[PDB]
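The structure that follows is given in the form of structure tokens.
Backbone-built Cβ (ideal geometry, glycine too); neighbour counts: all protein chains shown. Bear in mind these aren't lab numbers, they're just calculated from the coordinates by the rules spelled out.
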Amino acid sequence: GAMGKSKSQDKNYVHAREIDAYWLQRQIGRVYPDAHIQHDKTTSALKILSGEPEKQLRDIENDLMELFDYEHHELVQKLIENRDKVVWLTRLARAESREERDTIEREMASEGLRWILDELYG
């Protein structure tokens, strides 16, 4: 139908090559234009999305919704749907040295994220 052709099929889709070192910050910055606040929220969002303390999905969602002031739920869900891509590819994009990139790539493979590396590198 016509409505379906007026927007993308999946508003949450983001290809691995799109996630540069500042992709997350730019998504947040559209809602929070202040440089300091958007950077704080980027740091916090990465920590939340990583699920590091063990964290359940319900907890990730709760914390992210509060981070976004109980608004912007579509952005919140987009980030959660892409949590592995956002966390890992942001980290990888920020890694300059051979050793650090290698470490990250091995860790991604160990986490079952070969699919993301295949997307990024072909």
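Tell me which of these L46 doesn't satisfy, since it passes every other one: (1) in contact with a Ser or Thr (Cβ under 9 Å, 6 or more places away or on another chain); (2) not in a helix (DSSP H, G or I).
Result: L46 fails condition (2) only.
Sticking with this structure for a sec: Please go through region 48-63 and pick out each residue that is of a type in the set (D, E) and surrounded by 15 or more Cβ atoms within 10 Å (Cβ to Cβ). Working first, answer last.
Filtering region 48-63 for residues of a type in the set (D, E) gives 52, 54, 59, 61, 63.
Selection gives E61, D63.
Taking the stated definitions as given, is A45 surrounded by 13 or more Cβ atoms within 10 Å (Cβ to Cβ) and closer than 18 Å to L113 by Cβ?
Details: surrounded by 13 or more Cβ atoms within 10 Å (Cβ to Cβ): yes; closer than 18 Å to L113 by Cβ: no.
In short, no.
Quick one: count up the residues across region 1-35 that are outside any helix (DSSP H, G or I) and farther than 28 Å from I116 by Cα. Spell out the reasoning first.
First, pick out the residues of region 1-35 that are outside any helix (DSSP H, G or I): 1, 6-15, 19-22, 30-34.
In the following step, the residues that additionally are farther than 28 Å from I116 by Cα were identified as 1, 6, 32-34.
Residues meeting the conditions: 5.
Could you list, in sequence order, the residues of region 64-76 that are touching a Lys or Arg at 6+ places or on another chain (Cβ under 9 Å), in a helix (DSSP H, G or I) and either crowded, with 16+ Cβ neighbours inside 10 Å or not charged (D, E, K, R) (or both)?
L67, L75
Looking at this structure, is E119 surrounded by 12 or more Cβ atoms within 10 Å (Cβ to Cβ) and either in contact with a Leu (Cβ under 7 Å, 6 or more places away or on another chain) or closer than 19 Å to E52 by Cβ (or both)? Show your work before the answer.
On the way: surrounded by 12 or more Cβ atoms within 10 Å (Cβ to Cβ): yes; either in contact with a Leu (Cβ under 7 Å, 6 or more places away or on another chain) or closer than 19 Å to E52 by Cβ (or both): no.
Answer is no for this residue.
Based on this model, can you work out whether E105 counts as assigned to a helix (DSSP H, G or I) and buried (at least 18 other Cβ atoms within 10 Å of the Cβ)? Spell out the reasoning first.
Numbers: assigned to a helix (DSSP H, G or I): yes; buried (at least 18 other Cβ atoms within 10 Å of the Cβ): yes.
Yes: the conditions hold for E105.
Here's a follow-up. Hey, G112 hits all of (1) over 24 Å from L57 (Cα atoms); (2) not in a helix (DSSP H, G or I) but one; which does it fall short on?
(1)
List every residue pair whose Cβ atoms lie under 9 Å apart, where the two residues are 6 or more positions apart in sequence or sit on different chains, the first residue falls within region 51-63 and is closer than 16 Å to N82 by Cβ, and the second residue, located anywhere, is assigned to a helix (DSSP H, G or I) and among the acidic types (D, E).
Pairs that qualify, where the first residue is closer than 16 Å to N82 by Cβ and the partner is assigned to a helix (DSSP H, G or I) and among the acidic types (D, E), are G51/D59.
If you go through region 77-102 one residue at a time, how many are closer than 19 Å to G51 by Cβ and outside any loop (DSSP other than H, G, I, E, B)?
15
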